[PDB]
Ligand SMILES: NC(=O)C1=CN([C@@H]2O[C@H](COP(=O)(O)OP(=O)(O)OC[C@H]3O[C@@H](n4cnc5c(N)ncnc54)[C@H](OP(=O)(O)O)[C@@H]3O)[C@@H](O)[C@H]2O)C=CC1
Ligand SMILES: CCc1nc(N)nc(N)c1C#CCc1cc(OC)ccc1OC
């Protein structure tokens, strides 16, 4: 299975200055739950911003850099390489990867951040005409989680 995994705001903002625009522990938990034991595929800029591979799953980085060889990370140099990865593969970001893969994935796991943030990177536009809502779950608000959010699982019609 090939899935997108993304958190975007009301205007599809996903990032600002190579970082996430918001702080939301519950969404980190969501990512951990979904992708532990599976595979994340991410672009070079996203990886470098994270700074190290995420524990307990396969980390795959897409880059043109022939010198990229990082401990605990597998490198790919083409989009076509993604389709050779076994198991459940999550396209993890950032903007460039989402733009390349939105028309190809089976599935999308989207956290809608119910606010409007300043961004410089965006998830591509999509229409519910193309996607069935398999599930929609309101995020619980906390002292630690203060931005309303909704976990959507969308399946390509
Ligand atoms: N909120 C969210 O759900 C998420 C947000 N983000 C955010 O997204 C932003 C980063 O996005 P963006 O700037 O697009 O960067 P990306 O993370 O998508 O990385 C882009 C890089 O990936 C490599 N790459 C992409 N496609 C190919 C290809 N076909 N062949 C070879 N290499 C390729 C290139 O690396 P190179 O130049 O080295 O060749 C390219 O410069 C950040 O702000 C981050 O915070 C990221 C993930 C999730
Ligand atoms: C944790 C944010 C997130 N949520 C969802 N639902 N999907 C995603 N693809 C992402 C992401 C990301 C990239 C990223 C993660 C991170 O913590 C692991 C720290 C920095 C990041 O990029 C700036």
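Roughly what angle does helix 25-35 make with the longest principal axis of the chain, taking Cα atoms, 0 to 90 degrees, to the nearest 10? For helix 25-35, the angle is close to 50 degrees.
Quick one: if the Förster radius is 25 Å, what FRET efficiency do residue 1 and residue 138 give, using the C-beta to C-beta distance and rounding to 0.05?
On the way: r = 25 Å, r/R0 = 1.00.
The value I calculate is 0.50.
Cα gyration tensor of the stretch 28-122, axes a ≥ b ≥ c as square roots of the eigenvalues: rounded (a/c below 1.5), prolate (a/b > b/c) or oblate? The shape class here is rounded.
Nearest 500 deg cm²/dmol is fine: what mean residue ellipticity at 222 nm does the chain get from its DSSP H runs of n ≥ 4 alone, each adding -39,500 (n - 2.57), divided by its residue count?
On the way: 3 runs with 25 residues, N = 157.
Value at 222 nm, helices only: -4500 deg cm²/dmol.
If I take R0 = 25 Å and measure r between the Cβ atoms of residue 66 and residue 114 in this structure, what FRET efficiency does the formula 1/(1 + (r/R0)^6) give, to the nearest 0.05?
Working: r = 42 Å, r/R0 = 1.68.
Once rounded, the FRET efficiency stands at 0.05.
Largest GNM mean-square fluctuation across 146, 66, 111, computed for the chain with C-alpha springs under 10 Å, falls on 66. Anisotropy class assigned to the stretch 84-140 is oblate, per the alpha carbon gyration tensor with a/c at or over the 1.5 cut-off and a/b no larger than b/c. A Gaussian network model of the chain, with springs between Cα atoms under 10 Å, assigns the largest mean-square fluctuation among 68, 92, 123 to 68. Taking every DSSP beta bridge that has both ends in the chain, the antiparallel portion is near 45%.
Short-range pairs are left out: with C-alpha atoms under 8 Å and at least six residues apart, the relative contact order of the chain is 34 percent. Taking 98, 117, 128 in turn, the Gaussian network model of the chain (Cα-Cα springs below 10 Å) assigns the largest fluctuation to 128. Modelled label positions at residue 130 and residue 157, each set 7 Å beyond Cα in the direction of Cβ, lie 1.2 nm from each other.
Determine the gain in length on full extension of the stretch residue 79-residue 48; use 0.36 nm per residue of separation and subtract their C-alpha separation, reporting nm with one decimal.
That pair, residue 79 and residue 48, stretches by 9.3 nm at full extension.
Look at where the Cα atoms of the stretch 1-72 and of the stretch 134-157 average out, and the two centres are 18 Å apart. In this rough spin-label picture, where each label sits 7 Å from Cα along the Cβ direction, the residue 10-residue 145 distance is 2.0 nm.
Positions of Cβ are backbone-derived with ideal geometry, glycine not excepted, and every protein chain shown enters the neighbour counts. Every number in this text was worked out from the coordinates using simple rules, so none of it is lab data.
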